[PDB]
Amino acid sequence: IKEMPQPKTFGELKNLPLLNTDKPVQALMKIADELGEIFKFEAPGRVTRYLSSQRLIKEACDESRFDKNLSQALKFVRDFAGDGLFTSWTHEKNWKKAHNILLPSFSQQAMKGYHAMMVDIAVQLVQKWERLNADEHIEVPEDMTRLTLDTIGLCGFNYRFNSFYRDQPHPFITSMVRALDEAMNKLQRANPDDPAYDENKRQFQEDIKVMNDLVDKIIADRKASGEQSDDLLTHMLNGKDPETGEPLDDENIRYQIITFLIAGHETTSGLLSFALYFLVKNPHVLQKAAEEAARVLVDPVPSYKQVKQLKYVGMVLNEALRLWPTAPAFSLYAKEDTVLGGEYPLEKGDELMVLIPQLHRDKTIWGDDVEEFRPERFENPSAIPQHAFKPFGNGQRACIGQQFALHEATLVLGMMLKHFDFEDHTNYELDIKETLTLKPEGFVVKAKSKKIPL
Ligand code: HEM
Ligand SMILES: CCCCCCC(=O)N1CCC[C@H]1C(=O)N[C@@H](Cc1ccccc1)C(=O)O
């Protein structure tokens with residue numbers, strides 16, 4: 001048994017001021033590069049251990065020994081996402097109940113039903129870029145977020161945010177982004193009771209009110225209708241849990257919709273943004289992915305079956321997820337006293353944080369070239385060891401949206417590569433903005449149309 005290292009301390013504040021930065025995940029990555037596969041992080045009244053090696057992460061991903069923890073970040077998001085799937089404990093009745101009801105709606109099979117709605121929004125993105133003037137550029141994360149929000153609104157509850165018709169976000173989105181900003185900011189606060197934070201806390205309560213009032217209104221309007229579209233809202237209003245035999249109540253449905261809207265906005269848009277960044281920085285890879293898009297997507301409207309054929313586009317997406325997993329951390333707690341890695345004794349209730357970007361840089365798994373963008377790493381899926389690659393988290397608490405996000409991302413990236421050539425006209429310097437998720441801030445390109453009809 002060894003003592004684990006710990007980064008620099010600030011007297012009574014222990015390690016907390018290390019998070020007083022707009023880029024805390026990148027700060028922890030640098031600390032993991034300095035200290036290795038595990039380090040202790042202490043705040044007043046809180047300890048956790050940050051894991052970076054596949055060797056220790058594979059044990060942490062043992063569901064007999066560790067369960068999902070709500071990190072302080074997730075506890076703050078729980079104030080508006082409630083006992084939705086993402087911010088519920090595994091042992092809350094509503095976790096398993098929602099999981100059983102929603103799993104069939106998120107299966108690879110269910111994507112056949114969502115495809116047409118995804119195509120509707122993808123075509124709006126292509127038409128936006130087709131309509132830019134010669135002197136204009138693309139704001140990549142801004143347009144990817146317009147797309148992913150609209151896709152989940154239309155597949156989520158047959159609601160059009162119409163993001164490609166606006167500069168100013170939909171009211172719900174203003175409240176949701178500001179609520180997320182508050183929850184991630186609260187984490188850092190030396191002194192949270194400080195009066196400088198009074199306006200933030202008043203605002204926070206106001207935004208919770210906006211999100212609930214508006215989602216409850218869609219639920220209530222849909223019950224009034226009788227209308228039965230093929231969206232998640234229908235499946236949740238009709239579905240019964242086979243275990244309890246109960247449907248979700250309206251309050252929990254509202255938490256599920258807020259939860260799905262957070263995911264659309266934050267994660268899939270990050271992935272598409274990083275994928276396009278790595279493609280314009282790696283022209284040989286861009287050529288191989290655009291060859292596939294041009295050969296496979298032979299119809300003006302892509303089919304489900306054609307999107308499944310974009311294998312190299314899927315490898316590009318996996319390699320962007322390896323370098324910059326847009327949901328970069330998840331938290332676990334010890335179910336019982338146990339010994340991590342033959343060396344680090346833990347007590348029942350002790351917390352671990354999985355630092356996914358660091359896991360994805362483990363040279364003992366990936367080789368010496370870990371900073372290089374090389375989608376060929378993913379040629380043969382079965383060559384990647386268990387728990388080496390975890391952009392969608394772990395086990396029964398893994399991302400329920402994984403098939404949805406990768407279907408949307410492959411469809412959209414395929415269409416972008418078919419329809420346009422891309423220039424890195426500013427020689428963009430990567431600047432990663434941290435919200436709930438990671439996105440490349442200020443990433444812009446120019447698209448030269450290949451003039452292929454829709
Ligand atoms: C590239 C896109 C996405 C990534 C990288 C991603 C990543 C993740 C990760 C790492 C987790 C586990 C979090 C934890 O253990 O605390 C998770 C959970 C979840 N994600 Fe995603 N996600 C993505 C897209 C989506 C989408 C599109 C949806 C739904 C519309 C979604 C819904 C969820 C839900 C509901 C959970 C909670 C599942 C449960 O515990 O039962 N995600 N996601
Ligand atoms: C599904 C993606 C959601 C990611 C949530 C944000 C997150 O995990 N963050 C954002 C900041 C860095 C990292 C983290 O280590 N979070 C810890 C930070 C921490 C706070 C207080 C004490 C110790 C650690 C936590 O939220 O618990």
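Both ligands and their constituent atoms are indexed starting at 1 by order of listing. Residue numbers count from 1 along this sequence.
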Query raised in the report: Where is the nearest protein heavy atom to atom 33 (C) of ligand 1: which residue, which atom, and how far?
Result: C399 SG, 3.9 Å
Query raised in the report: For atom 3 (C) of ligand 2, which candidate among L438, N15, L436 provides the closest heavy atom?
Result: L436
Query - Winner among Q256, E266, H99, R397 once heavy atoms are compared against atom 40 (O) of ligand 1 - result: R397
Query raised in the report: So does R178 pair up with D181, basic N to acidic O under 4.0 Å?
Result: no
Query raised in the report: Does the ring center of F260 lie less than 6.0 Å from the ring center of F86?
Result: no
Query raised in the report: Does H99 have its ring centroid less than 6.0 Å away from the ring centroid of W95?
Result: yes
Query raised in the report: Just checking, is any N or O donor in the side chain of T326 or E266 under 3.5 Å from an acceptor N or O on the other one?
Result: no
Report summary line: So for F86 against ligand 2, with non-hydrogen atoms under 4.0 Å, the contacting part is side chain
Query raised in the report: Taking it one step at a time, do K439 and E434 satisfy salt bridge (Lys or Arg N to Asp or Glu O under 4.0 Å)?
Result: CA-CA 7 Å; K439 286 190 181 176; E434 308 204 6; over 6 Å; no
Query - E59 bridged to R65 by N-O distance under 4.0 Å - result: yes
Query raised in the report: Considering only protein heavy atoms, which is closest to atom 1 (C) of ligand 1, and at what distance to one decimal place?
Result: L271 CD2, 3.7 Å
Query raised in the report: Any nitrogen or oxygen of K390, main chain or side chain, under 3.5 Å from a nitrogen or oxygen of ligand 1?
Result: no
Query raised in the report: Taking the minimum heavy-atom distance to atom 23 (C) of ligand 1, which of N394, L70, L321, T267 ranks first?
Result: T267
Query - salt_bridge(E37, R55) N-O dist < 4.0 Å - result: yes
**Report entry** Closest protein heavy atom to atom 28 (C) of ligand 1, given as residue, atom name and distance to 0.1 Å
**Finding:** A263 CB, 3.4 Å
Report task. For salt bridge (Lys or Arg N to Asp or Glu O under 4.0 Å), just list the numbers for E246 and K96, CA-CA rounded to whole Å, side-chain angles, deciding distance to a tenth of an Å, and then say yes or no. Result -> CA-CA 12 Å; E246 300 170 13; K96 180 71 149 160; over 6 Å; no
Query raised in the report: Near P24, which atoms of ligand 2 are under 4.0 Å from a heavy atom of that residue?
Result: 11 (C)
**Report entry** Per-atom contacts, ligand 2 versus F41 - under 4.0 Å to a heavy atom
**Finding:** 23 (C)
Report summary line: Within 4.0 Å of some non-hydrogen atom of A327, the atoms of ligand 1 are 7 (C)
Query raised in the report: Nearest to atom 15 (O) of ligand 1, what protein heavy atom do you find, and at what distance?
Result: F330 CB, 3.3 Å
Query raised in the report: In this structure, which one of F106, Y114, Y304 forms a ring pair (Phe, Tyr, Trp, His ring centres under 6.0 Å) with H407?
Result: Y304
Query raised in the report: If you count the atoms of ligand 2 from 1 in the order shown, which ones are under 4.0 Å from a heavy atom of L19?
Result: 18 (C), 19 (C), 20 (C)
Query - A327: numbered ligand 2 atoms lying under 4.0 Å from its heavy atoms - result: 1 (C), 2 (C)
Query raised in the report: Salt bridge check: are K97 and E243 linked by an N-O gap of less than 4.0 Å?
Result: no
Requested in this report: Determine whether more than 12 heavy atoms belonging to other residues, nucleotides or ligands lie under 6.0 Å from atom NZ of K128.
Outcome: yes
Requested in this report: Just need the protein heavy atom nearest to atom 6 (C) of ligand 2, so name the residue and atom and give the distance.
Outcome: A73 CB, 3.6 Å
Requested in this report: Report, in ascending order of atom number, the atoms of ligand 2 lying under 4.0 Å from any heavy atom of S71.
Outcome: 25 (C), 26 (O), 27 (O)
**Report entry** Under 3.5 Å: N/O of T326 near N/O of ligand 1
**Finding:** no
Query raised in the report: With a cut-off of 4.0 Å, which atoms of ligand 1 are near a heavy atom of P391?
Result: 5 (C), 7 (C), 10 (C)
**Report entry** Atoms in ligand 1 with a heavy atom of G393 nearer than 4.0 Å
**Finding:** 10 (C)
Query raised in the report: Of the protein's non-hydrogen atoms, which lies at the shortest distance from atom 34 (C) of ligand 1, and what is that distance?
Result: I400 CG2, 3.9 Å
Report task. Please determine if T259 has a nitrogen or oxygen closer than 3.5 Å to a nitrogen or oxygen of ligand 1. Result -> no
Requested in this report: Among all protein heavy atoms, pick out the one at the shortest distance from atom 4 (C) of ligand 1; state its residue, atom name and that distance to 0.1 Å.
Outcome: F392 CE2, 3.6 Å
Requested in this report: Walk me through it: do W324 and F443 pass the test ring-ring contact (aromatic ring centres under 6.0 Å, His included)?
Outcome: CA-CA 15 Å; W324 293 112; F443 177 42; over 10 Å; no
Report summary line: Here the atoms of ligand 2 under 4.0 Å from any heavy atom belonging to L28 are 12 (C), 15 (O)
Query - Check: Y333 ring centroid to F66 ring centroid under 6.0 Å - result: no
Report task. Run the contact test for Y50 against ligand 2 with a 4.0 Å cut-off on heavy atoms, strictly below, and give the result. Result -> yes
Query raised in the report: For atom 38 (C) of ligand 1, what is the nearest protein heavy atom, given as residue, atom name and distance?
Result: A398 O, 3.6 Å
Query raised in the report: Hey, which atoms in ligand 2 end up nearer than 4.0 Å to a heavy atom of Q72?
Result: 25 (C), 26 (O), 27 (O)
Query raised in the report: Does a salt bridge link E351 with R46, judged by any charged N lying under 4.0 Å from a carboxylate O?
Result: yes
Report summary line: for atom 8 (O) of ligand 2, nearest protein heavy atom and its distance come out as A329 CB, 3.8 Å
Query raised in the report: So, are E376 and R374 salt-bridged, with charged N and O less than 4.0 Å apart?
Result: no
Report task. Could you tell me whether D67 and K335 have a side-chain N and a carboxylate O separated by less than 4.0 Å? Result -> no
Query raised in the report: Of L187, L18, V47, which has the heavy atom at the shortest distance from atom 10 (C) of ligand 2?
Result: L187
Query raised in the report: In terms of atom number and element, which parts of ligand 1 are under 4.0 angstrom from non-hydrogen atoms of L74?
Result: 16 (O)
Query raised in the report: Between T437 and ligand 2, which part of the residue brings a heavy atom under 4.0 Å of the ligand: side chain, backbone, both or neither?
Result: neither
**Report entry** Under-4.0 Å salt bridge between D120 and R160
**Finding:** yes
Query raised in the report: Of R189, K14, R46, which has the heavy atom at the shortest distance from atom 27 (O) of ligand 2?
Result: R46
Query raised in the report: Hey, are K281 and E371 close enough for a salt bridge, meaning a charged N less than 4.0 Å from a carboxylate O?
Result: no
Query raised in the report: When the ring planes of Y277 and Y428 are compared, do they come out parallel, tilted or perpendicular, using 30° and 60° as the limits?
Result: perpendicular
Report task. Please work out whether any backbone atom (N, CA, C, O) or any side-chain heavy atom from C-beta onward of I152 is under 4.0 Å from ligand 1, and answer side chain, backbone, both or neither. Result -> side chain
Query raised in the report: Considering only protein heavy atoms, which is closest to atom 37 (C) of ligand 1, and at what distance to one decimal place?
Result: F86 CA, 3.5 Å
Report task. Output the list of atoms in ligand 2 that are nearer than 4.0 Å to some heavy atom of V25, sorted by atom number. Result -> 12 (C)
